[PDB]
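The data block below is work.cif; it holds mmCIF, C-alpha atoms.
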data_coords
loop_
_atom_site.label_atom_id
_atom_site.label_comp_id
_atom_site.auth_asym_id
_atom_site.auth_seq_id
_atom_site.Cartn_x
_atom_site.Cartn_y
_atom_site.Cartn_z
CA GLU A 107 0.00 0.00 0.00
CA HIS A 108 1.15 3.55 -0.80
CA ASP A 109 2.73 5.86 1.77
CA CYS A 110 5.44 8.55 2.01
CA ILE A 111 9.19 7.88 1.58
CA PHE A 112 11.56 10.68 0.56
CA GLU A 113 13.93 10.40 -2.39
CA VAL A 114 17.37 11.76 -3.29
CA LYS A 115 17.75 13.28 -6.75
CA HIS A 116 20.77 14.44 -8.75
CA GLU A 117 20.71 17.01 -11.55
CA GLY A 118 17.37 16.43 -13.22
CA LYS A 119 17.39 12.67 -12.62
CA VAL A 120 16.82 10.18 -9.79
CA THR A 121 19.42 8.19 -7.87
CA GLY A 122 17.50 6.22 -5.26
CA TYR A 123 15.60 6.63 -2.01
CA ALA A 124 15.96 7.24 1.72
CA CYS A 125 13.59 6.12 4.45
CA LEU A 126 12.18 7.10 7.84
CA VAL A 127 12.46 3.90 9.90
CA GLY A 128 10.42 4.58 12.98
CA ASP A 129 12.91 6.11 15.38
CA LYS A 130 15.68 7.45 13.11
CA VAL A 131 16.12 8.66 9.54
CA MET A 132 18.58 6.72 7.42
CA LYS A 133 19.77 6.01 3.89
CA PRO A 134 22.35 3.99 1.98
CA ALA A 135 25.70 5.65 1.43
CA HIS A 136 26.80 4.03 -1.83
CA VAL A 137 24.93 6.58 -3.98
CA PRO A 138 25.75 10.30 -3.78
CA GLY A 139 23.31 13.15 -3.39
CA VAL A 140 21.23 15.12 -0.90
CA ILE A 141 17.64 14.44 0.19
CA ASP A 142 15.00 16.58 -1.52
CA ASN A 143 13.45 17.84 1.73
CA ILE A 144 15.51 20.63 3.25
CA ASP A 145 14.51 19.94 6.86
CA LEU A 146 15.45 16.26 6.58
CA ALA A 147 18.89 16.82 5.02
CA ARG A 148 20.39 20.01 6.41
CA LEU A 149 21.24 18.34 9.71
CA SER A 150 24.45 16.45 10.42
CA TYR A 151 24.14 12.66 10.34
CA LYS A 152 26.69 9.95 11.17
CA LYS A 153 28.28 7.68 8.57
CA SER A 154 29.83 4.21 8.61
CA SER A 155 31.28 3.01 5.31
CA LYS A 156 31.73 -0.62 6.36
CA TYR A 157 27.95 -1.11 6.40
CA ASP A 158 27.07 1.88 4.17
CA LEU A 159 24.43 3.50 6.37
CA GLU A 160 24.03 7.24 6.99
CA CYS A 161 21.84 7.90 10.00
CA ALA A 162 20.66 10.50 12.50
CA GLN A 163 17.57 11.41 14.54
CA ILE A 164 14.35 12.97 13.24
CA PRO A 165 12.64 16.36 13.68
CA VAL A 166 9.48 16.50 15.72
CA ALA A 167 6.55 16.57 13.25
CA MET A 168 8.49 14.27 10.95
CA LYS A 169 8.65 12.06 14.03
CA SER A 170 4.88 12.40 14.41
CA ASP A 171 4.54 10.84 10.95
CA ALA A 172 6.70 7.71 11.09
CA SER A 173 6.95 4.03 10.12
CA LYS A 174 6.90 0.84 12.20
CA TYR A 175 9.44 -1.98 12.15
CA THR A 176 10.05 -5.50 13.44
CA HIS A 177 13.12 -7.31 14.79
CA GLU A 178 12.81 -10.70 13.08
CA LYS A 179 12.08 -12.32 9.74
CA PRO A 180 10.12 -15.57 9.34
CA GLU A 181 10.15 -17.63 6.17
CA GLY A 182 7.31 -16.73 3.84
CA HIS A 183 6.02 -14.39 1.16
CA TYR A 184 6.45 -10.60 1.21
CA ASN A 185 5.64 -7.65 -1.03
CA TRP A 186 7.47 -4.51 -2.08
CA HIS A 187 6.86 -1.54 -4.37
CA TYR A 188 7.52 -3.63 -7.49
CA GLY A 189 5.83 -6.90 -6.54
CA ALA A 190 6.35 -10.06 -4.51
CA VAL A 191 9.45 -11.49 -2.85
CA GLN A 192 10.14 -14.93 -1.38
CA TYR A 193 12.38 -15.23 1.68
CA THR A 194 13.87 -18.63 2.48
CA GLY A 195 17.30 -19.92 3.40
CA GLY A 196 18.41 -16.42 4.34
CA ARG A 197 17.53 -15.11 0.88
CA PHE A 198 15.01 -12.52 -0.25
CA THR A 199 14.57 -13.10 -3.96
CA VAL A 200 12.72 -11.58 -6.92
CA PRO A 201 12.46 -12.28 -10.68
CA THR A 202 14.71 -10.82 -13.37
CA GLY A 203 13.91 -7.48 -14.96
CA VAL A 204 12.05 -5.92 -12.03
CA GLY A 205 14.37 -3.03 -11.28
CA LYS A 206 16.68 -0.33 -12.57
CA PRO A 207 20.02 0.93 -11.21
CA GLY A 208 19.07 3.64 -8.77
CA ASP A 209 16.33 2.09 -6.63
CA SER A 210 18.52 1.30 -3.61
CA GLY A 211 16.49 2.19 -0.54
CA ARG A 212 12.91 1.19 -1.09
CA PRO A 213 11.64 -0.54 2.07
CA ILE A 214 10.40 -4.10 2.25
CA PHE A 215 7.24 -5.00 4.14
CA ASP A 216 6.12 -8.22 5.79
CA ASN A 217 2.65 -9.73 5.57
CA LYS A 218 1.46 -7.84 8.66
CA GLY A 219 2.63 -4.53 7.16
CA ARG A 220 5.89 -3.61 8.92
CA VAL A 221 9.38 -2.96 7.57
CA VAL A 222 11.76 -5.90 7.93
CA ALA A 223 14.96 -4.67 6.25
CA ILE A 224 16.41 -2.43 3.55
CA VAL A 225 17.81 -3.15 0.11
CA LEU A 226 21.21 -2.58 -1.49
CA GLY A 227 20.31 -4.08 -4.88
CA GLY A 228 22.97 -6.25 -6.41
CA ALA A 229 22.12 -9.71 -7.72
CA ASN A 230 21.80 -11.32 -11.15
CA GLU A 231 20.68 -14.56 -12.74
CA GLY A 232 19.19 -15.73 -16.05
CA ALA A 233 16.10 -16.36 -13.93
CA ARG A 234 14.76 -15.18 -10.55
CA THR A 235 17.45 -13.13 -8.81
CA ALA A 236 18.60 -12.71 -5.22
CA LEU A 237 18.99 -9.65 -2.98
CA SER A 238 21.65 -7.90 -0.94
CA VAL A 239 20.19 -6.45 2.25
CA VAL A 240 21.01 -4.74 5.53
CA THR A 241 18.88 -5.93 8.43
CA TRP A 242 18.35 -5.93 12.18
CA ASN A 243 19.38 -9.08 14.05
CA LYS A 244 17.62 -8.64 17.43
CA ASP A 245 18.47 -4.96 18.12
CA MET A 246 21.85 -5.11 16.31
CA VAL A 247 22.73 -4.58 12.64
CA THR A 248 24.19 -7.07 10.20
CA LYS A 249 24.79 -7.29 6.45
CA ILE A 250 23.99 -9.81 3.72
CA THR A 251 25.84 -9.64 0.39
CA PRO A 252 25.98 -12.58 -2.03
CA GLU A 253 29.04 -12.75 -4.25
CA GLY A 254 29.06 -12.36 -8.02
CA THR A 255 27.48 -8.91 -8.11
CA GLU A 256 28.15 -5.20 -7.67
CA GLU A 257 26.17 -2.37 -6.09
CA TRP A 258 23.13 -2.24 -8.34
CA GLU B 107 -9.72 39.40 -6.64
CA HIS B 108 -6.46 38.35 -4.98
CA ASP B 109 -2.79 38.25 -6.00
CA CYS B 110 -0.14 35.60 -5.33
CA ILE B 111 3.10 37.25 -6.49
CA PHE B 112 6.79 37.40 -5.58
CA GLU B 113 7.44 35.32 -2.47
CA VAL B 114 10.78 34.79 -0.68
CA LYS B 115 12.67 31.58 0.10
CA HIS B 116 15.65 31.13 2.40
CA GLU B 117 17.66 28.06 3.43
CA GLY B 118 15.30 25.83 1.49
CA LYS B 119 12.34 26.97 3.59
CA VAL B 120 10.53 30.29 3.23
CA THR B 121 10.51 33.46 5.32
CA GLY B 122 7.33 35.11 4.02
CA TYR B 123 6.72 37.40 1.07
CA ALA B 124 7.50 40.84 -0.30
CA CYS B 125 5.18 43.01 -2.35
CA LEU B 126 5.83 45.63 -5.01
CA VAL B 127 3.95 48.92 -5.07
CA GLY B 128 3.42 51.15 -8.12
CA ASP B 129 7.05 52.19 -8.45
CA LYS B 130 9.12 50.32 -5.85
CA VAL B 131 9.58 46.94 -4.19
CA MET B 132 9.01 46.78 -0.44
CA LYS B 133 10.03 44.13 2.07
CA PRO B 134 9.78 44.07 5.87
CA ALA B 135 13.31 44.72 7.05
CA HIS B 136 13.65 42.70 10.25
CA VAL B 137 13.51 39.28 8.54
CA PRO B 138 16.70 37.63 7.24
CA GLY B 139 17.31 35.85 3.94
CA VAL B 140 17.02 37.23 0.42
CA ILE B 141 14.55 36.86 -2.43
CA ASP B 142 14.60 33.99 -4.93
CA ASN B 143 13.43 35.86 -8.05
CA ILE B 144 16.87 36.51 -9.57
CA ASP B 145 15.60 39.38 -11.73
CA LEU B 146 14.78 41.25 -8.51
CA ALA B 147 17.68 40.28 -6.23
CA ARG B 148 20.16 42.07 -8.51
CA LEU B 149 19.26 45.43 -6.97
CA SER B 150 20.51 47.51 -4.03
CA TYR B 151 18.07 47.68 -1.11
CA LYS B 152 17.75 50.79 1.06
CA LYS B 153 17.61 49.56 4.65
CA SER B 154 16.03 51.78 7.31
CA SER B 155 16.18 49.94 10.63
CA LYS B 156 14.38 52.81 12.34
CA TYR B 157 11.17 52.19 10.37
CA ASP B 158 11.65 48.47 9.49
CA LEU B 159 11.44 48.62 5.68
CA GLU B 160 13.49 47.39 2.74
CA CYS B 161 13.12 49.85 -0.08
CA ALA B 162 14.67 48.92 -3.40
CA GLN B 163 13.32 50.63 -6.52
CA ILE B 164 12.36 48.33 -9.38
CA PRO B 165 13.85 48.30 -12.89
CA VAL B 166 11.68 48.88 -15.93
CA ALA B 167 11.57 45.25 -17.05
CA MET B 168 8.58 43.89 -15.10
CA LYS B 169 7.32 47.40 -14.36
CA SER B 170 4.40 46.68 -16.71
CA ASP B 171 3.23 43.86 -14.39
CA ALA B 172 3.02 46.12 -11.35
CA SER B 173 0.18 46.61 -8.85
CA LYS B 174 -2.38 49.33 -8.08
CA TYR B 175 -2.24 51.49 -4.96
CA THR B 176 -3.75 54.51 -3.19
CA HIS B 177 -3.51 56.52 0.01
CA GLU B 178 -7.11 57.58 0.73
CA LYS B 179 -9.19 55.51 3.09
CA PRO B 180 -12.65 55.86 4.63
CA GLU B 181 -13.77 53.58 7.40
CA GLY B 182 -15.28 50.23 6.48
CA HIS B 183 -14.22 46.63 5.89
CA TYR B 184 -11.52 45.27 3.56
CA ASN B 185 -10.23 41.85 2.52
CA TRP B 186 -6.85 40.12 2.38
CA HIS B 187 -5.21 36.73 1.92
CA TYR B 188 -6.44 35.26 5.23
CA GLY B 189 -9.99 36.62 5.15
CA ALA B 190 -11.60 39.93 6.09
CA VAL B 191 -10.36 43.00 7.95
CA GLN B 192 -12.12 45.96 9.56
CA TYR B 193 -10.75 49.51 9.80
CA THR B 194 -11.79 51.48 12.88
CA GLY B 195 -9.74 54.30 14.37
CA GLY B 196 -6.94 53.33 12.04
CA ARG B 197 -6.11 49.99 13.62
CA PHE B 198 -6.95 46.84 11.67
CA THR B 199 -9.07 44.44 13.73
CA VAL B 200 -9.21 41.16 11.78
CA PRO B 201 -11.55 38.21 12.02
CA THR B 202 -8.76 36.22 13.42
CA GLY B 203 -6.88 33.00 13.97
CA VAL B 204 -5.26 32.59 10.58
CA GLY B 205 -2.25 34.74 11.39
CA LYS B 206 1.12 33.12 11.91
CA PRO B 207 4.77 33.97 12.37
CA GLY B 208 6.99 34.13 9.33
CA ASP B 209 4.37 35.48 6.91
CA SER B 210 4.76 39.22 7.36
CA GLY B 211 4.70 41.16 4.11
CA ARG B 212 1.11 40.25 3.22
CA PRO B 213 -0.29 43.47 1.72
CA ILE B 214 -3.76 44.76 2.59
CA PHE B 215 -6.26 45.06 -0.25
CA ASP B 216 -9.37 47.22 -0.39
CA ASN B 217 -12.63 46.59 -2.25
CA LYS B 218 -11.35 48.34 -5.40
CA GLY B 219 -8.12 46.29 -5.55
CA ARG B 220 -5.81 49.21 -4.84
CA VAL B 221 -3.02 48.58 -2.31
CA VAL B 222 -3.64 50.40 0.95
CA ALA B 223 -1.22 48.87 3.49
CA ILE B 224 1.03 45.94 4.42
CA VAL B 225 1.48 43.99 7.71
CA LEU B 226 4.22 43.60 10.31
CA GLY B 227 2.82 41.37 13.07
CA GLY B 228 -0.08 40.89 15.46
CA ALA B 229 -1.30 41.70 18.96
CA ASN B 230 -4.13 39.89 20.62
CA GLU B 231 -6.23 40.68 23.70
CA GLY B 232 -8.91 38.21 22.71
CA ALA B 233 -10.92 37.71 19.56
CA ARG B 234 -10.98 40.02 16.53
CA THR B 235 -7.34 40.88 17.08
CA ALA B 236 -5.66 44.16 16.09
CA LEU B 237 -2.49 43.69 14.05
CA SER B 238 0.39 46.03 13.28
CA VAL B 239 0.65 47.81 9.96
CA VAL B 240 3.10 49.65 7.79
CA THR B 241 1.20 52.24 5.78
CA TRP B 242 1.38 55.81 4.56
CA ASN B 243 -0.67 58.95 4.01
CA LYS B 244 0.32 61.92 1.83
CA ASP B 245 4.07 61.25 1.52
CA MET B 246 4.43 60.28 5.21
CA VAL B 247 5.41 56.69 5.97
CA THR B 248 4.12 55.72 9.42
CA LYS B 249 4.69 52.66 11.60
CA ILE B 250 1.65 51.88 13.74
CA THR B 251 2.13 49.12 16.33
CA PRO B 252 -0.69 49.30 18.87
CA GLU B 253 0.47 47.52 22.07
CA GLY B 254 2.49 44.42 22.97
CA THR B 255 2.95 43.51 19.33
CA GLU B 256 3.65 39.84 18.57
CA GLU B 257 6.79 40.21 16.46
CA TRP B 258 6.03 38.29 13.29
#

Can I see the file as structure tokens?
Amino acid sequence: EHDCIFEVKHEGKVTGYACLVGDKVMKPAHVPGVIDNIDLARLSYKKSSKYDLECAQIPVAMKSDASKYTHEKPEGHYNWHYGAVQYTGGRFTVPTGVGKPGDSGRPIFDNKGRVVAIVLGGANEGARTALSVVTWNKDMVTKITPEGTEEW
Amino acid sequence: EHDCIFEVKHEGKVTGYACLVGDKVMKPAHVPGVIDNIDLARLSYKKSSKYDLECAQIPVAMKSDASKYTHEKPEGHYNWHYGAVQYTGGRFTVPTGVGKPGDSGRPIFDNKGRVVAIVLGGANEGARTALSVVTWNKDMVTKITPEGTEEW
């Protein structure tokens, strides 16, 4: 279902997205640019290149309109802004030809309607493709990045 | 009816408006930040802190798209961007509520469309509040702030 998620643009084009996950505001750091909204970008965030997350806290009304997350992921079927995604064996996976370079940051929802993780693109096959994600393992962050692919 | 011309933006956000009268461009002086319309911001603004006005004179380019003004005023009731306004004893008691900070520079329009005054703030001992006004009468620019003026 449709909601509000801000987006970073660069010089008359688009380069990806940046989300408002509940308690903080955050974005990937592998794509350059500044958020469109001036009161969500002019502040000073904190950056870590080893996990590629740029994060800080939210203003007050932008806190009043937020999202809601979860700290686990069970095996089953999910949906995202392009379609459906199967998660099993530690693998979110989608068909081929369902994205373009520059969609890194669209959130992924569970069945109940809460955000489970974020996306970093990056997987290929001559059939249904995999994902590369950054997720929350019981109040602490971890990464998932299958080999063979670059930062799509 | 109404006009919607020549606002001001600063630091991504806005800081109100500024209106042009038959020959010159006025702006309330106490607010920071400069105008966005690059054809106007090329000028040199006369800054009188004692009367709180910014007083550049316009070039002849958009001088054909100017406004209409006057300096004669009977008692009665006028209209502006946030509703109606009443003129008694000089002071402008508005049907109220819609005022805010930040949006000083809203000019005051009469029934016959001619510009009669601009605004500089509010002051409110209950309903139908009496705002502050920059105005003029027969070559004399006056600043009329009634009492305890909320500095917009």

>> Set the distance at 9 Å and use all atoms listed in the file: which residues neighbour segment 163-175 of chain B once local chain neighbours fewer than 2 positions away are removed? I'd like the list as an NGL selection string.
In response: :B and (125-132 or 145-146 or 149-152 or 161 or 177 or 215 or 219-223)

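Atom CA of residue 142 of chain A is found 24.4 Å from atom CA of residue 111 of chain B.
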
>> I'd like the residues picked by the PyMOL selection byres ((chain B and resi 212) around 12) written out as number ranges by chain, using the chain letters and numbers from the file.
In response: B: 108-114, 121-126, 132-134, 185-189, 205-211, 213-215, 221-227, 237-240, 258

>> Would you mind listing, as a ChimeraX atom specification, all residues of chain B that have at least one atom within 10 Å of chain A, where only C-alpha atoms are what counts?
In response: /B:117-119

>> To one decimal place in Å, what is the distance between atom CA of residue 140 of chain B and atom CA of residue 160 of chain B?
In response: 11.0 Å

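If you look at atom CA of residue 247 of chain B and atom CA of residue 179 of chain B, they are 14.9 Å away from each other.
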